[PDB]
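Given next are the chains, with one letter for each unit.
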Amino acid sequence: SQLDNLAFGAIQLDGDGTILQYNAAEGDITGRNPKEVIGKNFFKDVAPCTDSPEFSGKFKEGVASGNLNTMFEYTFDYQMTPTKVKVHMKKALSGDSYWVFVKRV
Ligand SMILES: *C(=O)/C=C/c1ccc(O)cc1
Ligand SMILES: *C(=O)/C=C/c1ccc(O)cc1
């Protein structure tokens, strides 16, 4: 069914980093209101601590090459309590979009 039925955070991005979908579990981790963040740039506005070579830089390399499927640990710490997460970022398996899935670790 739903994006909002997943127990882990899920964000859909276009290749500019624009937020297309943002689920309730992700908001619960980060304190963001899903409705508020849709349409903003993930890397530059919502989540500036991800604007780093290993996160946004890896994303942009994958958009360019059309190849992206990586998992890594990260700490989210902008306008929230520092929170360790595991991130799975990938090019979608159909169409032309990208996903960032997140769980607490
Ligand atoms: C660093 O600035 C991380 C912030 C953040 C990560 C993930 C989100 O869904 C929202 C903000
Ligand atoms: C993308 O890398 C998808 C991975 C995935 C989807 C659902 C599963 O049960 C297992 C892997």
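Scroll up to find the structure this text is about.
Scope of this entry: the structure provided in the associated data block.

## Some thoughts on the sheet that holds strand 2 (residues 19-22)
The five strands lie next to each other as 2-1-5-4-3, forming an open sheet whose pairing is antiparallel. The open sheet has two edge strands, strand 2 and strand 3 (69-76), and neither has a second partner. With strand direction ignored, the average angle separating the axes of adjacent strands in the sheet is 20°. In this sheet, strand 5 (residues 98-104) lies alongside strand 4 (residues 83-91) in antiparallel orientation, the contact comprising seven bridges. Pairing of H88 across the sheet is with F101, part of strand 5. Lying on the sheet, helix 4 (residues 53-65) is in contact with strand 1 (9-13), strand 3, strand 4 and strand 5; it crosses strand 3 at an angle near 155°.

## What to know about the site of ligand 1
Lining the immediate environment of ligand 1, one finds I11, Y22, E26, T30, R32, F42, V46, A47, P48, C49, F76 and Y78. Measuring from an oxygen atom of ligand 1, one finds a side-chain N or O atom of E26 at 2.5 Å. Here ligand 1 has 310 Å² of accessible area as a free molecule, and 100% of this is covered by the chains. Tallied by class, residues from the shell around ligand 1 come to nine nonpolar, one polar and two charged.

## Brief notes about the nonpolar core
Counting residues in each nonpolar core, the largest one holds 23 residues, and the members touching the most others are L13, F55 and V87. Ignoring any residue separated from it by four or fewer positions in sequence, one finds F55 in contact with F42, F43, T50, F72, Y74, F76, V87, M89 and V100.

## Observations regarding the environment of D45
Examined against the element boundaries, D45 turns out to sit in helix 3 (residues 42-46). Here the alpha-carbon distance between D45 and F76, two residues 31 residues apart in the chain, equals 13 Å. The residues contacting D45, other than those within four sequence positions of it, are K40 and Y78.

Thresholds applied
- Residues numbered from 1 in each chain as written, not as in the entry; some residues may be left out.
- Chains lettered and ligands numbered in written order.
- Heavy atoms only, no water.
- Pairing = 2+ DSSP bridges.
- Helix = DSSP H or I, 4+ residues; strand = E, 2+ residues; numbered from the N terminus.
- Axes fitted to C-alpha atoms, helices over the stretch in contact; angles between N-to-C directions.
- Contact = heavy atoms within 4.5 Å.
- Near = heavy atom within 4 Å.
- Polar contact = N/O pair within 3.5 Å; in protein donor to acceptor, adjacent residues only side chain to side chain.
- Areas by Shrake-Rupley, 256 points an atom, 1.4 Å probe, with all protein chains shown as cover.
- Nonpolar A, V, L, I, M, F, W, Y, C, P; charged D, E, K, R; others polar.
- Core = buried A, V, L, I, M, F, W, Y, C linked by side-chain atoms within 4.5 Å.
- Buried < 20%, exposed > 50% of the residue type's maximum accessible area, 1.4 Å probe, protein only.

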